[PDB]
Structure formats: C-alpha cells, structure tokens
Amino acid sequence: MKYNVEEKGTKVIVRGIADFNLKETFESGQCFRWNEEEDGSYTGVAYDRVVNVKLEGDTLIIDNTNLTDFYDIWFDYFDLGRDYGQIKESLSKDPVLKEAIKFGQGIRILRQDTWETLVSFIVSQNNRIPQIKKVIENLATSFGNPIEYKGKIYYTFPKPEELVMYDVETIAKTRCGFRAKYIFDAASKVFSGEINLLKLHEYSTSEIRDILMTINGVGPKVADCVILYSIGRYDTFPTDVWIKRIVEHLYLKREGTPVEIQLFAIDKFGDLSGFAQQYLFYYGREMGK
C-alpha cells in the first residue's frame, strides 16, 4: 500500500486510501469505542488518545493527531499496510464470500491494544452490543483518565494498575454484572505480571489461548478475539452464535457446534480466515435473517 502522508495543522492527511469504509469497519463487531459524529466522521478513544477520523473518497483525515502518533499508533491501528484488495480477490473465489464482500468492501481488521481488547471481550460474553458499549464507556468514565478534544472530555480505557485498588462491587457499578469478578481477575493477573501482554506475541496461537484462558471468565471465544483483534493472527476464526448460524445456513445446510463451524472455516480460508469472518459478520447483520 502506497500513501501520501502530510501533517496539516492539528491533523494528519492520508491520500491513496483503498478498501476502507469507516461505518463498515467500526460496526463489524470488532470494536466498541468509535462513535459517529454528525458529519459522518468517527471519534474514538484508543491507546490513551482521542482522535477524529473522517473519510472523503480516498482521503482520510485524522484530527487531533501528529505525524509521530500516526506512524506509531494509527497506521498499524487501521492496518493500513495491508492490501485488502488482494484479500477480497482471493476470498471471492468462494461464491458465498463474493456476495458477502459486496456489502462490506471497506472492512479492515483493526490492530487494537491487547489489554483493552481482553477486557472488552470479557464484557462481551452473554451480552448484547449496545450494553457492551455502555459498560466499556462506564469503565472508562469511572476508572480512566480525562483527555480533551474540542472542549469535550473523553476518558482513556483503565489500565490494570488503575483497576486493582477497587473491589468487585465497585467494578460492578459499571453495569457489567457477573462479569465484574472476571475483570477483577484479569486486572490482578496482568498487574502482578503473571500474564505478560507485551510478550504474548512471542508464543504460538495455542500457547496464547492457554495463557489467556487462565483468567476466570476467559474461554475460547474471548481468547480468539484477543488473538485476532489484537495479536493479528489471521489464521483464526472466532466462533460466536451468529457466525455459527451464518455458516450453518450458507455452507453446511445442517446444524453444528461452534467448534466444527470453526475448523471447517479455517480449513477453507486458511491464513485469510479472520478476514472471511468479518465479511460474513457484516453480511449477516445486513441480511438479518
């Protein structure tokens, strides 16, 4: 991917954008803190920063950032180095994916912070999206740090060190319910250095899975979500109840467990399974039933 990057005032401008749509990316099920503004831009809090991203054709405008932050954080965050055009061409050899892709041509897989992804998907278990977003914003407001953009105060996602001094019931005030003890355990294990998130990428995918699943409340799905959305292992296929029913309806024509859905997809899609999953998901939400 070749871009023309320029720093103009309080913003960074990227020209040569392809295979990118903000709505499709931000509503693909991968993330929770990006919110649409009246002009169609999206304001989000990630990596202790607040930025506004706007896309005008092939021109991305990131407000409230500099060249240093763009190259250090946002380039990788929006996975800009990857050719999704090639990915879609390869996947479109499957008629099912080709159809799904036409509705989500601009989906990119964000490379998000490991800790935030971990807690976010802990929150996500047995939960609906609107509620997950409210709980995550509650965690940030209650426990995070204030940062300001255009006169409005935004809150960073709380680090393990910013959570450990609170009891479960204090954490539970975020409306996370029975998941409070899971957040508590995750914070404790990371804070003590028992689970090292920085060195996690040095391990195999199976090893990462096992490390993460030591946390009370982290099972196969949460672990796989961290692995895909934060570590960037694309030969994975996180199986939720939706993708199970989607694959059942469109491929298998019979019922199956989340596990058998999973190995079928990884076999068929290989190193592009994670991308295939995103396309199928936004397509499933587009169709409804």
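The first residue of the sequence shown is number 1, and the count goes up from there.
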- Comparing 268 to 276 with 16 to 24, the higher average Cα temperature factor in the PDB entry belongs to 268 to 276
- Pick between 216 to 224 and 237 to 245: the one whose mean CA B-factor in the entry is higher. 237 to 245
- Item | C-alpha B-factor winner, where the candidates are 119, 97, 139, 110 | 97
- Query: Which has the highest CA B-factor per the PDB entry: 175, 179, 133, 201?
  - Reply: 201
- Item | Where the record places residue 70 (Cα B-factor, split into thirds across the chain) | middle
- Task: Within this chain's modelled residues, let me know which third the CA B factor of residue 106 belongs to: lowest, middle or highest.
- Result: lowest
- Note on the structure: residue 62: CA temperature factor from the record, placed by chain third, in the middle
- Item | Third of chain Cα B-factors occupied by residue 30 | lowest
- Which third of the chain holds residue 155 when residues are ordered by C-alpha B factor: lowest, middle or highest? middle
